[PDB]
């Protein structure tokens, strides 16, 4: 009864987080909710193996102690967790060593891999997602008045190649080679506050590959202001090393 990475057991809704749609429950089984010990959801993450969650480094600035954090796996509701959700304390924190906005959480016990809790697949090292590739972002963040608050949402957004995103009228030189951009130039659909650390995934042949980690933006869903994501492929070698050595 094993489950390959990147293959949801409930097919994602098409949906051609501000804007977008509410996901089918359990169609994004690698999505994590990151919480404090007695606190509510404040960031997302992506399960990448039974003991390891990838998130954004800035999600860890409230506390340098692993005991401050817990991960919720298999969830659909933001607050009223379903009976079968897995809640697991974090045992170790590893921040990316060149100060980029990406981090690994080691879980205190391995997640049980089920039809609702399945890791995402990592990309090949240094792969560059092509301009206009349609990808999906997911999370429980702010919706800015759009429907779906309190439920896991998704949005389908095209990647905008860095050379375009860095133009003066858009993000004006801010985006690094270890980041990527996604969104509609018209605005209206975006990751937002509370989505940080969660996944940006792109479908490839028969499975979803994790290509981005939700990081920052100039606001959310503004015209001419696409969201910025850490480019996961530039960190695969580092991630593999951390898992091998710890």
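Positions refer to the first chain, counted from 1.
Gap between residue 16 and residue 17: 1 to 3 deposited residues without coordinates. The mean C-alpha temperature factor is higher for 7-15 when 224-232 and 7-15 are set side by side.
Taking the PDB entry as given, 56-64 carries the higher mean Cα B factor of the two stretches 56-64 and 175-183. Per the deposited coordinates, the residue with the largest Cα temperature factor out of 121, 93, 135, 164 is 164. By the numbers in the PDB entry, the CA B factor is greatest at 39 among 199, 217, 39, 50. Annotation for residue 72: C-alpha temperature factor in the lowest third relative to the rest of the modelled chain, per the entry. For residue 125, the recorded CA B-factor ranks within the highest third of the chain. Only modelled residues enter the ranking. For residue 101, the recorded CA B-factor ranks within the lowest third of the chain. Only modelled residues enter the ranking. Sorting the modelled residues of the chain by their CA temperature factor places residue 115 in the middle third. In the PDB entry, residue 81 places in the highest third of its chain by CA B-factor.
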